[PDB]
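When the chains are written out, they are named A, B, C and D in that same order, and each has its own residue count from 1.
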Amino acid sequence: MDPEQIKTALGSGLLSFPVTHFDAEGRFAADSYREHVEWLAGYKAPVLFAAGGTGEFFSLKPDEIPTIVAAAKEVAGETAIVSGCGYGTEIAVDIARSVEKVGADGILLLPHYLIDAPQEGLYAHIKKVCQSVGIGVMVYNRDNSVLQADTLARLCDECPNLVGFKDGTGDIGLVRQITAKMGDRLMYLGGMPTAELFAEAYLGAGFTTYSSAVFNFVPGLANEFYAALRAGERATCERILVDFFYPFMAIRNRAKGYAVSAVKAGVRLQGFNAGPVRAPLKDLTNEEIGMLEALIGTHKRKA
Amino acid sequence: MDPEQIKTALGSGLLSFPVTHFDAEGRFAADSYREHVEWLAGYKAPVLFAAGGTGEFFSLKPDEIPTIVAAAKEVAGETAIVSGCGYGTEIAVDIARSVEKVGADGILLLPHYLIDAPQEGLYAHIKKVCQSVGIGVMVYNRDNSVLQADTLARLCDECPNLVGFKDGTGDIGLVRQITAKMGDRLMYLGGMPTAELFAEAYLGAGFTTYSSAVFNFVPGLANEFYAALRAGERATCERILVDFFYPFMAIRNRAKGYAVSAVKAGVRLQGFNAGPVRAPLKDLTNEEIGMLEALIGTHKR
Amino acid sequence: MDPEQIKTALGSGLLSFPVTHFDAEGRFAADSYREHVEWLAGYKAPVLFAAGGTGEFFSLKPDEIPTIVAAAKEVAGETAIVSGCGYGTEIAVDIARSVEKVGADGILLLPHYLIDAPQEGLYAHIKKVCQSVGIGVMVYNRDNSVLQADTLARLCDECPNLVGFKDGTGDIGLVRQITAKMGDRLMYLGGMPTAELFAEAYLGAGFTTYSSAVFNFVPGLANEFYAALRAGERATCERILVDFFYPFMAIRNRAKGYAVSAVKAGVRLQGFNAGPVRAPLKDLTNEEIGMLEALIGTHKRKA
Amino acid sequence: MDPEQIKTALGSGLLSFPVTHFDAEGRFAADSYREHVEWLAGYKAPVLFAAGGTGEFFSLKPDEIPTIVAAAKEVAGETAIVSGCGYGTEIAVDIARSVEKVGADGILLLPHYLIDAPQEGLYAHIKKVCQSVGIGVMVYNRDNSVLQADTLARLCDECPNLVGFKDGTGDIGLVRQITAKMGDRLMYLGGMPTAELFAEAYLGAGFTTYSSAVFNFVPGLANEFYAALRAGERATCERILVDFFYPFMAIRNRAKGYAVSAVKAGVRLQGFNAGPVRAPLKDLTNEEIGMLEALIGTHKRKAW
């Protein structure tokens, strides 16, 4: 589909980032993946990010990305599929063209690798990756790639296929300036780890959707929080935050990387063979897994 | 008034923090201060925080604190007056008691001095201060003193006169957890130095109200933003953000401390002899003062 | 003494910062202070910092400091005495003066309160404070008060009594530039928590000496380490680090503020009546004091 | 060579990291690259790192790194050639084997990509890269990959070809702990941007040597600071810090990424056609290059 169309889809509901399934030997497990992505389909997320950060993008071989994307596409049905992209320009450009060719509906451009870079250089990097493909591009402020409002405005004026902005910084002052400056030029996506913790402040800042990583294993709970959010049903959001999200937070905050590892542990506990994380993440301990299973509780998928 | 009356007043509208006036040699300038605070109460702020952060508390002798609150009280009117408080426990207590005596309606407890501290140490600190007076306390999250939700809730149980929380961390995740937990046990105050930039997200996070530093010199514009915010006029909020606050932001970010120095310069430009900042702040250059003068423009008194 | 005399004394041996004894009701216990300090003089440190950070300057009332400094000077011997100083400019002079009038040989100017400030502002603050007295001043780079080399040079050419420089930043690049630019105009005191971990590096960076907090309770080990350091016996320095210091670090790292707390726990272990820390510090749990007692071991003071 | 041999080479002198030369179209420029590297050979650095960070590793395609290592190997002489390597485990392993295969004498393993990771994960990732090759491996503490002393011990016990440790943190407390614990099990390389600013404190902390980005364009000056350091000529070191390094430091701090861009501009100013940086770095302005050229001064290799 074309950039305005993916842009419209980005603004039509909740966004989900499927974990990437590995077998015991750490290779992509395509059968398990599709199974999980077919189950998630029944909850009608309007866009699926294939091989985002929740899907361990930063551990994928570049030649694995198009394969994971095409697996998602087989069973996604009516759902727009966006692929992770990143690294420096030369690799990002080759990934981007590889996933356009397998029918991706857009790319999510995660940060370049290792260095701190001036604004001039970011602009130069992102402009060239956007110019390498015809499909929709979402940029992604975090860690070593943080676009200022001025710089983002220049990219938008020069790159019409640039249609969205994912935030992972937590920088409220900055993202409110970005939405004021750009208005409806971009779709704004909340992208913090466990974004429901931020959804209500971000609405206020002008973000009406976010990525929900926990949708991976409790989508009905994630769909309820989202509908509560958009309906102004504040007692309901608060209940779900105190009862599920803060307790999930405390498990997540036990180790670095658990913003991905606790989520994939959740998938497995709900009966999907998602398998281990790739190093250098580590998987939850048996105790920790037990704490997660207990928390899932009434929202268990099987016995 | 008692803790619960200040609690109510704290949530009843826009809050402000008058800068502290000095003459040239350096001492507090009571006549000027009184004439500035009186002009502010006229723009109907419910609460006024004398010698707070914006009022250069961090640069004030313990002895000076009661004189400033006293000055403010003389001309406040219906507006309630909350006093800055701070430093280590021993000095904080002494300051707390001194301002209660001159009739402070409340304390804003700024962080202790220098050290990092464990949560259990912060608990002891803040407890000891709350218990030394009978008026209401507002704690203040920023820098080397950041209360976690559970620690905070322990204080709220232990100390019924702790009625308010001010944020200056911008940690939007932490403060939504704090409101979600404590609920109506506390009033929640937006406290970033230029809080209009954070006010729409703060209210999403459940925040009762926020404080406007720039109210010091453009109270009419602060009040404009504030009413549009409460009535949901996103586009008016947005115009005032783009035309005034982000340009103010670009002046403030030119130097450290200018969250105070540029507000103060703002006040001088409107005809109040606020005098300079005390070291180690520095005043705006003549260039920067003119930038700010140009930006105030139509609101010029 | 005059400023050049405390300068001299400062670079002539190993410095330390005695903890302040409080009785359990919370007041300064000058009896135990003198009995603790008397014991430390016998281990021959040439300058002594009364009411500094290790001595909880940050929790002291401005009135308690001359009292503490006097309590120190009485049993000090010919050992020199430097007082803490700090907070805003206005409180800082009041404190500086008050401690000069009770014989303080000099002053350690801890950072101002709370705010970040511009270099020019740090300059006006420190300048005025140096000019309020006639005894020697040593500046202290940490947290919200970090002087760049050019600023520090300016203060040195304005205030002849400013003669020492304590680092608490751990910034090698900066303090090497300070010692290269300033030369022997300043005496450079290594000032990290548990500065021994840092001493071998700070010598290479041009630092005359450092302060030992653990001198407080194991001043035998402190002189053994300092001595080996100066004679170039690396294998002996390295022993005491692997055997004492990285274990003491693992305890000190259990909690915020334990850079003082674990030190004041060590003092009470050797049997001095130090008593509690003042909030917002806390004391080590008994389990932790047990940990500490096992580590002090052979060095435990004996009747 | 084998790992102990590269360990020895690493310990034996000043080390350097050549910039990677690109033509105007951003492609690898090998004629210019080997020309520059032949010059660096005259100054006898015992180890050369091809496609390290100063060499813009983080902007190279993996298929480019072997070609770069082979180019430098043509004209390096008896200098050890070590290859950059990095990203996450799968890519890192591939790069490692590709450069082993073109004859690299070791690899320097830059951090994995993007994420903060627990110590157990770093252990697992690094162990797997080391096990993929027979050549010597140097680990590199910086940014999102900072090994503790106890983790590195466990890697050292498990991976005999892991022989070196490069520091990019400036965390003196932690790097002293690491040398105290590991001893001569490892050689220690100082690796801060503009490491001369740090060299004297790092030896004190027991670091076997360091690497000099600026040696790219004033090797003569870098060699003399290095000999002065090893002979304890403090005054000589200090004159070179005040006259050249802090001034270079003021140029380098004008923009992010100029720890690499300022160095490449220096190479260009000495008549080696290094070409531009790849985004997201940016090149010094014409003005800034002017500042650099005046600073180089008496150390010019050419007249234009």
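Observations
One rule holds in what follows: a residue touches a chain if its C-beta (ideal position, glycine included) is under 8 Å from a C-beta of that chain, and two chains touch if they have at least 3 such contacts.
Taking each chain's centre as the average of its CA atoms, chain A and chain C sit 49 Å apart. Between the Cα centres of chain B and chain C there is a gap of 35 Å.
Viewed as a contact network, the protein chains form a single closed ring in which every chain touches exactly two others.
Pairs of chains in mutual contact: A-B, A-D, B-C, C-D. Only residues 26, 53, 58-62, 86-91, 94, 110-118, 120-122, 124-125, 128, 143, 145, 255-257, 260, 278-282 of chain B touch chain C when the two sit together in their complex. Chain C makes touch with chain D in their complex at residues 170-173, 176-177, 180-181, 192, 197-198, 200-206, 234, 238, 241-242, 246.
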